[PDB]
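Before any questions on binding or motion, here is one chain by itself as structure tokens, the form deposited in one PDB entry.
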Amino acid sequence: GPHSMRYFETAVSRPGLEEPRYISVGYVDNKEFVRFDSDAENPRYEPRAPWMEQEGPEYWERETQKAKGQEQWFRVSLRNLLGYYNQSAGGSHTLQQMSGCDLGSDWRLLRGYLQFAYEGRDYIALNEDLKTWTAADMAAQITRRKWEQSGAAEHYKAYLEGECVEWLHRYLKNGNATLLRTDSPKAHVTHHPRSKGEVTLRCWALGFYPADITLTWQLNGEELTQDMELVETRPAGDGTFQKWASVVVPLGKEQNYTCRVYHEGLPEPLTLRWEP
């Protein structure tokens, strides 16, 4: 199917110390594969997945240099932004950048991303045409004009269309049996007696990958949306995910209600109920 590479970068100011903390995490298909943390004793991009382990020292030094330069770039931009927003001295401030590429199921570039948040709020984003910028506010307009002048979008487009795609291809092959594989949800229902004449059908999806999933509860045939409790899809820690969906039900009416699980790994949607 389709695939994606994302680098998520964060620089955070804090009252007190000369230089802010810079972190970069790389994901192939929303599975962590590299990390850089300026706090670590020996700051460097490190492998966060076994298949990435077979890149050589030159790979690691070149990517590290990019992180070190990014650190400098975020440091300067943090200060530039202080002035743009007429923020005084100190405060805690944050700058986020997301970037990368989506491929289709044919492995060709579907969409490129290059975008920034200041203080958790959209600042500037490279448009989908990969040539023009959307600027969230007047401050961002300054940046936009600046980057229009320097032709920075051309730089970004070249990375997005070229390097990003070309190396995502290399990673998809190298870690073949992890990224291009799916793990389907193991599904089951636990039962929890409640107040008067009310039990609680919780329906579990465990151990799936990727993270996108959907759970519904049905009675007689009409999907139940209200009355129902959902939890946010959560990492199990081992590369997989969990979710559950629960509902209110009277005693006796267990074999009426049915949970459905919708996941890419399934040959088809999944149906189930309480099993005494």
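Note that residue numbering begins at 1 and tracks the sequence as displayed. Throughout, rigid core stands for the largest set of C-alpha atoms superposing within 1.5 Å between the two forms.
Missing here is the form deposited in another entry; even so, the following discussion is about that form.
Asks: Which listed residue, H169, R194, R121, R145, is the one whose CA shifts 2 angstroms or more between this form and the one not shown with the rigid core aligned?
Replies: Shifted by 2 Å or more: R194 only.
Asks: After a rigid core superposition, would you say the CA of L266 moves by 2 angstroms or more between this form and the one not shown, or not?
Replies: The answer is yes, as the C-alpha of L266 shifts between this form and the one not shown by 2 Å or more after core alignment.
Asks: By the 2 angstroms cut-off, has the C-alpha of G237 moved between this form and the one not shown once the rigid core is superposed?
Replies: Yes: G237 shifts by at least 2 Å between this form and the one not shown.
Asks: 2 Å or more on the CA of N42 between this form and the one not shown, with the rigid core superposed, yes or no?
Replies: Result for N42: no, shift under 2 Å.
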